[PDB]
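K.L.:
Here is the sequence, then the experimental structure:
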Amino acid sequence: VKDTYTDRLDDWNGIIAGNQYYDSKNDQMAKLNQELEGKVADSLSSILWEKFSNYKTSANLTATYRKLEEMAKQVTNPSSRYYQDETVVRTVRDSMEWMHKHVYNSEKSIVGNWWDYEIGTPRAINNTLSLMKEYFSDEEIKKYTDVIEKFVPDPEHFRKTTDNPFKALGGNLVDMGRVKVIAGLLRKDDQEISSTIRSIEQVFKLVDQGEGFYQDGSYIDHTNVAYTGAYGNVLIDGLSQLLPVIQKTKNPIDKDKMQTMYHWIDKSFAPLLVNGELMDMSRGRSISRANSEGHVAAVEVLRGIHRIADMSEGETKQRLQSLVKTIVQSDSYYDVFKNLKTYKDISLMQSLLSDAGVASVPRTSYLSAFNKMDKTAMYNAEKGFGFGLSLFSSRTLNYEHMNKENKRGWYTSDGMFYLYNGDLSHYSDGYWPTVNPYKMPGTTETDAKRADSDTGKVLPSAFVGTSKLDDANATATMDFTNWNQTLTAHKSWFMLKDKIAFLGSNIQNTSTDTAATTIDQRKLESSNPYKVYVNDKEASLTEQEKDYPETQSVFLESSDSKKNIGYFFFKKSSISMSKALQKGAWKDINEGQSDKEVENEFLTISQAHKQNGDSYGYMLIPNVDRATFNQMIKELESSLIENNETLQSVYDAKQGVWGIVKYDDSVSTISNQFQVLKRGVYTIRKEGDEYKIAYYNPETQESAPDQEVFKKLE
């Protein structure tokens, strides 16, 4: 019966469906319609389904009710095929009940996956009945939402009826939101709404230990896994729907805790965005799915950012508005509207791009050292390139392998790095399946064989992380011990504005497998091919490992100058190079994906450390044309300060910036100007007759005063 509890499910329906805000000749909305028409039709015209028959895998039920959720939308859509349809509606009623009694009522238990019985599945019930509370009575809505309270009678915890529950935390706590808020409003069980949102306030607290967001912008979740852009998606995108409801309710959250929202936006999320890609390191295991490539899951936050803007006031609205609109304007590879699956968001998005009152704004250079999760972020404004450094410590995990998902990301945190040049498609179009998991960029690895049944571990060392000097100058380190305790090398990175040196000393293999660092593994777009200049002259590569000893330079010329990648080797080293068509399917590294073999070309560069006590020291200069790259290497001929077993450092004498990394506590005199007196990482600039110092003890995630760690001599 008509009431207020339902006028807030009216709001809900709009956010998740958007039929209210529809238009039959709004070109983009009509593309999402054609889609829905054929969806319903592929379910409807086959139900009861063999596609989702197997019961004992519980992931099949979510899909059952989720394709019943898909009808609800078209069913209640004034401008659709199935508008007020006799059979599509009947079908729902008949297989909403026929299901309830057999598969999904109380005298039952969780097999397969709780997450279905508990989360993904109820929200699909919730979402069906909400859009069709008019094709359903009050007590009907009661009969089916009963199951909810049986599996989730307490918005503090999850996995309840089973025998080692756990506390809803991080983005997982967001789905306590939809599953109980909406479910309550349906059952007008008014406690369910107050009781819940009390626990939904728990996610706005930052922390110094555990899951959820951090002070430095880090997001941990699932014990210790870099997830600012995988669970953080589930969080920001979930809470960007609850709040329009939640705040109109009789128990609305105090406008105090709505501030940790914009701290997430800017400190945690905004830095991992570049030209419309969320960095694959923040995604963790999500990288193993074709539906969720780099550029697509970036929209899963760019909507969650906007929804927040709409329900804001003043500068907070217009600036978080520019944040979005300018970011999507800088994305030239992906049509943003391909991940907007609800018309409210489309209407909203088309508004920005139309509205010339929201000023666009280029992004300044920035560097975010997310040490509490071991990833570093970097974007150059002047040169338009990105850089990310996937590490891990004794505090964070190298890679997650859940639900038989992500089975070959072994070394994607073993010192892995990502360049982001003008090839926006780089880590996309099937990069993850077709790329060598063994020879992963930036990493030092032997060549033993891994299984797909392996698990994410942590390091035995804690000496990892970054000192930050400014938006364009920092230094990372890693006291590596690998996968099986055969290879321990110091690995240290030095990001200095328009370049990033990879030092690394003390390389030592106690193994009969050949150790080998990978300088790079770039995917190559075919319609723009590279011209590889070894040591300043051109080359011609094949699947054959060529040899190139006596190799100062390695430059990758291109049609687009913002897609070049150079490699100055301080000490003329002995590398090998190739360019093979690598094939592979998404199924190989994640069981529940298309086995359709997918093919993508790669050019690989490498160094082999044969003798026990080897080194590697080179410099990556991107977005630099050939002409300039050659005058850059003569500019930095003496730039290697040191790269031995207890000290690694570069000098960038154009800026005047040392990047430095000690391991012992000795008194190393650098460039004859100053000393550095303590174990840790430094980043230092001369700008006058004195010094600007930034030391980070990665072991104790602490800093210290200049006096303690540095005296400039004379």
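P.N.:
Looks like it arrived, so ask away. Numbers count the residues shown, from 1 in each chain.

K.L.:
from memory residue 582 sits against residue 438, does it?
P.N.:
No - if you go by Cβ atoms under 8 Å, residue 582 and residue 438 don't touch, sitting 11.4 Å apart. (Each C-beta comes from the backbone N, C-alpha and C, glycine too.)

K.L.:
What separation do you get for residue 628 and residue 351?
P.N.:
Residue 628 sits 42 Å away from residue 351, going by Cβ to Cβ, to the nearest Å.

K.L.:
I meant residue 24, not that one.
P.N.:
For residue 24, the distance to residue 351 - Cβ to Cβ - is 19 Å.

K.L.:
With residue 31 instead?
P.N.:
Residue 31 sits 17 Å away from residue 351, taking Cβ to Cβ as the criterion.

K.L.:
higher neighbour count, residue 24 and residue 351?
P.N.:
Counted by other Cβ atoms under 10 Å, residue 24 and residue 351 do not tie: residue 351 has more neighbours, with 14 against 10.

K.L.:
so which strand or helix has the more buried one?
P.N.:
Assigned by DSSP states H and E, residue 351 belongs to helix 343-354.

K.L.:
next structured bit after that helix?
P.N.:
On the C-terminal side of helix 343-354, the nearest following helix or strand under DSSP H and E is strand 366-370.

K.L.:
What residues sit buried inside that following strand?
P.N.:
Neighbour-count burial for strand 366-370 flags 367, 368, 369, 370 (criterion: 16 or more other Cβ atoms under 10 Å).

K.L.:
And stretch 419-435, by the same measure?
P.N.:
Across stretch 419-435, burial judged by 16+ other Cβ under 10 Å covers 419-428, 430-435.

K.L.:
so how far is it from its chain's centroid?
P.N.:
Put simply, stretch 419-435 sits 14 Å off its chain's centre (Cα atoms, centre = their mean, to the nearest Å).

K.L.:
For the helix holding residue 351, which outside residues touch it?
P.N.:
With Cβ atoms under 8 Å, 6 or more residues apart in numbering as the test, helix 343-354 has contacts from 14-15, 17-19, 21-22, 26, 28-29, 32, 303, 306-307, 310, 321, 324-325, 328-329, 336-337, 340, 358.

K.L.:
Kindly recompute the last result at 7 Å.
P.N.:
Identification of contacts with helix 343-354 by Cβ atoms under 7 Å, 6 or more residues apart in numbering yields 14-15, 18, 21-22, 28-29, 32, 303, 306, 310, 321, 324-325, 336-337, 340, 358.

K.L.:
try stretch 634-641
P.N.:
Residues contacting stretch 634-641 (Cβ under 7 Å, 6+ apart): 570, 617, 649, 650, 651, 652, 654, 658, 670, 671.

K.L.:
gap between the two ends of it?
P.N.:
End-to-end span of stretch 634-641 (Cα to Cα, to the nearest Å): 16 Å.

K.L.:
cool, stretch 334-350 as well?
P.N.:
From its first residue to its last, stretch 334-350 covers 15 Å (Cα to Cα).

K.L.:
before we move on, what about stretch 399-406?
P.N.:
Using Cα to Cα, the span of stretch 399-406 from its first residue to its last is 8 Å.
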